[PDB]
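Enquirer: To be precise about what I am sending: the file is called final-v3.txt and holds compact mmCIF, C-alpha atoms.
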# COMPACT_ATOMS: atom_id res chain seq x y z
CA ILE A 157 227.07 138.56 95.58
CA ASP A 158 228.12 137.42 99.05
CA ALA A 159 229.80 138.82 102.14
CA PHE A 160 230.98 137.17 105.33
CA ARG A 161 232.19 138.09 108.80
CA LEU A 162 234.54 135.96 110.89
CA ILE A 163 233.60 134.75 114.38
CA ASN A 164 235.85 133.39 117.12
CA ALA A 165 236.03 129.76 118.15
CA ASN A 166 236.60 130.71 121.80
CA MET A 167 232.96 131.88 121.98
CA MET A 168 231.58 128.72 120.38
CA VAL A 169 229.32 128.04 123.38
CA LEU A 170 228.42 131.63 124.28
CA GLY A 171 226.09 133.58 122.03
CA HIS A 172 227.60 135.71 119.28
CA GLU A 173 224.67 137.88 118.16
CA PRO A 174 221.99 139.28 120.50
CA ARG A 175 219.19 138.85 117.91
CA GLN A 176 216.93 141.80 118.72
CA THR A 177 215.09 141.78 115.37
CA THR A 178 214.15 139.50 112.49
CA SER A 179 216.01 141.24 109.66
CA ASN A 180 219.14 139.05 109.62
CA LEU A 181 217.51 135.74 110.63
CA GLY A 182 214.92 134.46 108.17
CA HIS A 183 215.28 136.97 105.37
CA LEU A 184 216.89 136.83 101.91
CA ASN A 185 217.27 133.02 102.26
CA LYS A 186 217.97 130.19 104.56
CA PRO A 187 221.68 129.39 104.02
CA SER A 188 222.44 127.22 101.02
CA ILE A 189 223.47 123.59 101.44
CA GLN A 190 226.71 123.97 99.46
CA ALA A 191 227.81 126.93 101.59
CA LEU A 192 226.93 125.59 105.04
CA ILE A 193 228.91 122.45 104.21
CA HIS A 194 232.04 124.52 104.89
CA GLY A 195 230.74 127.55 106.74
CA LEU A 196 227.39 128.53 108.29
CA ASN A 197 227.30 128.75 111.12
CA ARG A 198 230.76 127.44 111.98
CA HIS A 199 233.77 129.80 112.16
CA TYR A 200 231.89 132.83 110.79
CA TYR A 201 228.47 134.37 110.18
CA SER A 202 226.85 135.76 107.06
CA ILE A 203 225.62 139.33 106.63
CA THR A 204 222.93 141.11 104.62
CA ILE A 205 223.49 143.30 101.55
CA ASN A 206 221.23 145.98 100.10
CA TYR A 207 221.59 148.76 97.51
CA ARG A 208 221.64 152.45 98.36
CA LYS A 209 221.05 154.75 95.39
CA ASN A 210 221.67 158.46 95.03
CA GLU A 211 218.97 160.22 93.00
CA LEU A 212 221.42 161.58 90.44
CA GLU A 213 222.68 158.24 89.20
CA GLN A 214 219.23 156.68 89.68
CA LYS A 215 217.77 159.06 87.10
CA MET A 216 220.42 158.22 84.49
CA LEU A 217 220.54 154.50 85.24
CA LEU A 218 216.88 154.54 84.17
CA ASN A 219 217.37 155.94 80.66
CA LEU A 220 220.27 154.49 78.72
CA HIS A 221 218.44 152.17 76.29
CA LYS A 222 216.55 154.86 74.35
CA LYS A 223 217.49 156.64 71.13
CA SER A 224 216.93 159.93 69.33
CA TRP A 225 213.88 160.78 67.24
CA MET A 226 215.64 159.33 64.18
CA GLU A 227 214.97 155.81 65.43
CA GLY A 228 211.40 156.70 66.32
CA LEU A 229 210.60 157.97 62.82
CA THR A 230 212.16 155.39 60.49
CA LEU A 231 210.28 153.62 57.71
CA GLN A 232 212.38 150.46 57.45
CA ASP A 233 212.20 149.80 53.70
CA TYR A 234 209.11 148.83 51.73
CA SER A 235 210.93 146.32 49.52
CA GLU A 236 212.13 144.09 52.37
CA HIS A 237 208.98 144.80 54.39
CA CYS A 238 206.84 143.40 51.59
CA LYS A 239 209.46 140.67 51.14
CA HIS A 240 209.25 139.79 54.83
CA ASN A 241 205.46 139.67 54.56
CA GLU A 242 205.84 137.57 51.42
CA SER A 243 208.18 135.29 53.36
CA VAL A 244 206.22 134.75 56.57
CA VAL A 245 202.77 134.17 55.03
CA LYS A 246 204.27 131.55 52.69
CA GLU A 247 205.29 129.12 55.42
CA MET A 248 202.21 130.20 57.37
CA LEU A 249 200.26 128.52 54.58
CA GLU A 250 202.26 125.36 55.30
CA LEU A 251 201.61 125.65 59.04
CA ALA A 252 197.92 125.76 58.12
CA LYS A 253 198.37 122.61 56.02
CA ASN A 254 199.64 120.76 59.09
CA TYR A 255 197.01 122.42 61.27
CA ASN A 256 194.12 120.86 59.34
CA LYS A 257 195.49 117.36 59.87
CA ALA A 258 196.18 117.44 63.61
CA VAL A 259 193.03 119.22 64.81
CA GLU A 260 190.86 116.87 62.75
CA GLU A 261 192.89 113.88 63.93
CA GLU A 262 192.30 113.73 67.72
CA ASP A 263 192.71 110.08 68.56
CA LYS A 264 190.79 109.55 71.78
CA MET A 265 193.93 109.07 73.79
CA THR A 266 193.34 110.80 77.22
CA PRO A 267 195.37 113.84 76.22
CA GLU A 268 198.42 113.42 78.45
CA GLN A 269 199.23 110.74 75.87
CA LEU A 270 198.55 113.44 73.31
CA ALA A 271 201.01 115.43 75.45
CA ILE A 272 203.72 112.77 75.09
CA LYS A 273 203.39 112.11 71.36
CA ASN A 274 203.82 115.85 70.67
CA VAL A 275 207.36 116.18 71.99
CA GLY A 276 209.28 115.46 68.83
CA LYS A 277 208.63 117.41 65.64
CA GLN A 278 205.01 118.28 66.40
CA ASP A 279 204.06 121.95 66.33
CA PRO A 280 200.55 123.12 65.38
CA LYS A 281 198.90 125.97 67.32
CA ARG A 282 202.29 127.25 68.55
CA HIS A 283 203.78 128.81 65.45
CA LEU A 284 200.26 129.81 64.45
CA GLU A 285 199.98 132.22 67.36
CA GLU A 286 203.59 133.29 66.85
CA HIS A 287 203.69 134.44 63.22
CA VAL A 288 200.39 136.32 63.58
CA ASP A 289 202.02 138.38 66.35
CA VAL A 290 204.98 139.13 64.08
CA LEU A 291 202.77 140.04 61.10
CA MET A 292 200.68 142.25 63.39
CA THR A 293 203.31 144.38 65.12
CA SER A 294 205.36 144.82 61.95
CA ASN A 295 202.46 145.98 59.77
CA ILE A 296 200.85 148.25 62.37
CA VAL A 297 204.01 150.21 63.20
CA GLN A 298 205.03 150.41 59.53
CA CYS A 299 201.64 151.91 58.70
CA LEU A 300 201.35 154.17 61.76
CA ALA A 301 204.80 155.70 61.40
CA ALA A 302 204.01 156.36 57.73
CA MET A 303 200.80 158.04 58.89
CA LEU A 304 202.62 160.59 61.03
CA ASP A 305 205.19 161.52 58.38
CA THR A 306 202.39 163.10 56.31
CA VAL A 307 200.31 164.65 59.08
CA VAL A 308 203.34 166.21 60.78
CA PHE A 309 205.57 166.99 57.79
CA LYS A 310 204.11 169.69 55.48
CA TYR B 209 161.14 177.23 28.41
CA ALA B 210 162.75 180.66 28.01
CA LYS B 211 161.36 181.94 31.34
CA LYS B 212 161.00 178.96 33.68
CA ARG B 213 164.41 177.84 32.41
CA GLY B 214 167.12 179.54 30.40
CA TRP B 215 167.87 178.06 26.95
CA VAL B 216 167.50 181.29 24.99
CA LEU B 217 167.08 180.61 21.27
CA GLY B 218 169.85 182.75 19.85
CA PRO B 219 171.21 182.09 16.37
CA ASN B 220 169.39 178.84 15.58
CA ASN B 221 170.20 176.80 18.72
CA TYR B 222 169.33 176.29 22.36
CA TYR B 223 172.63 176.88 24.14
CA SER B 224 173.99 174.86 27.06
CA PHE B 225 176.26 176.28 29.73
CA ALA B 226 179.00 174.87 31.96
CA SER B 227 177.89 171.87 34.02
CA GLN B 228 181.24 170.44 35.16
CA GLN B 229 183.43 170.44 38.26
CA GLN B 230 187.11 170.37 39.22
CA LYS B 231 187.33 167.12 41.29
CA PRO B 232 189.94 167.99 43.95
CA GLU B 233 191.40 165.41 46.29
CA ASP B 234 193.67 165.51 49.31
CA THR B 235 193.64 161.88 50.61
CA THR B 236 195.61 162.93 53.70
CA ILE B 237 192.54 164.45 55.30
CA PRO B 238 191.95 160.75 56.20
CA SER B 239 195.55 160.56 57.46
CA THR B 240 194.41 162.05 60.76
CA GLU B 241 191.50 159.63 61.08
CA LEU B 242 192.99 156.52 59.49
CA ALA B 243 195.61 156.81 62.22
CA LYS B 244 192.69 156.84 64.67
CA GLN B 245 191.61 153.41 63.42
CA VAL B 246 195.13 151.96 63.64
CA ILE B 247 195.57 153.15 67.24
CA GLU B 248 192.17 151.60 67.96
CA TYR B 249 193.30 148.31 66.37
CA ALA B 250 196.24 147.87 68.73
CA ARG B 251 194.11 149.25 71.58
CA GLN B 252 191.61 146.39 71.84
CA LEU B 253 194.19 143.79 70.77
CA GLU B 254 196.49 144.67 73.69
CA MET B 255 193.83 145.10 76.39
CA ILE B 256 193.16 142.21 78.74
CA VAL B 257 189.71 141.26 77.51
Spit out the file's structure as structure tokens when you get a sec.

Expert:
Amino acid sequence: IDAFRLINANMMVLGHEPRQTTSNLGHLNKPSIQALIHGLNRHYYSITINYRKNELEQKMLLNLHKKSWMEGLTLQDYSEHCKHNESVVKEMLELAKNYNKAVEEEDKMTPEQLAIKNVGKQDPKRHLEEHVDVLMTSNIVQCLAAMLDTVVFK
Amino acid sequence: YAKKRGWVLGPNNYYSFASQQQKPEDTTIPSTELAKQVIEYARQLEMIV
């Protein structure tokens, strides 16, 4: 967002702002090179912008991405959940096949040259942290929500 | 045997009595405390160690 304020050319020698504080001098940026190429500080001057917020809209701008208790108490479906676990572990075996080769390999190459022969198709240690995070957060929440539906209900 | 124990010789036998149980199970008595382990699992795994 951006806002500007025209200045005269008749006062091009005389000062235009009295500059009694720092708040509109060095804050929020120094003026950008593609905007001073036409403007700053010729023919106008820039101006600062903030955001005032009433409490009433502030409270409801906070909470508009949440749901009811229906979404908090679902149990997704155990067929696809086991199928998703059957899916992810299966290529995670294959990631472990590639992981044995590369970690054992380690040509003594001063590893920035390791860090240039890895851009390409090379990906151990990166999917291996990733799929574990997916298998963790899926299985924990699927268990823990199924825990509460017996303790709470009946 | 008739006085230290029971086993009264009635009509031509020593007689046994009931020595069995019912075997009840709930298996959701752990559902309070198995949830305590699962909350503990994501506790230490999320904390900056």

Enquirer: As a list in words, could you give me every residue of chain B near chain A (at most 12 Å apart, counting only C-alpha atoms)?

Expert: residues 234, 235, 236, 237, 238, 239, 240, 241, 242, 243, 244, 245, 246, 247, 248, 249, 250, 251, 253 and 254 of chain B

Enquirer: As a VMD selection string, please: the residues near residue A:199 (cut-off 10 Å, only C-alpha atoms, same-chain neighbours under 4 positions excluded).

Expert: chain A and resid 161 to 165 168 194 to 195

Enquirer: Any idea what's packed within 9 Å of residue A:281, counting only C-alpha atoms, ignoring anything in its chain fewer than 3 positions away? Could you give it as number ranges by chain?

Expert: A: 251, 255, 284-286

Enquirer: Determine, counting only C-alpha atoms, which protein, DNA and RNA residues have an atom within 7 Å of an atom of stretch 210-215 of chain B; residues of the same chain fewer than 4 positions away are not included. Present the result as a PyMOL selection string.

Expert: chain B and resi 222-224

Enquirer: Here is a test: counting only C-alpha atoms, which residue of A:196, A:184, A:231, A:245 is nearest to residue A:291?

Expert: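 Among A:196, A:184, A:231, A:245, it is A:245 that comes nearest to residue A:291.
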
Enquirer: For atom CA of residue A:205 and atom CA of residue A:176, determine how far apart the two atoms are, in Å to one decimal place.

Expert: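 A separation of 18.4 Å between them.
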
Enquirer: Just give me the gap between atom CA of residue A:253 and atom CA of residue A:280 in Å, one decimal is fine.

Expert: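 That distance, rounded to one decimal, is 9.6 Å.
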
Enquirer: What does the distance from atom CA of residue A:227 to atom CA of residue A:309 come to in Å, to one decimal?

Expert: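 A separation of 16.5 Å between them.
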
Enquirer: Which is closer to residue A:204 than all the others in A:230, A:274, A:180, A:294, using all atoms listed in the file?

Expert: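 Smallest distance to residue A:204 is found for A:180.
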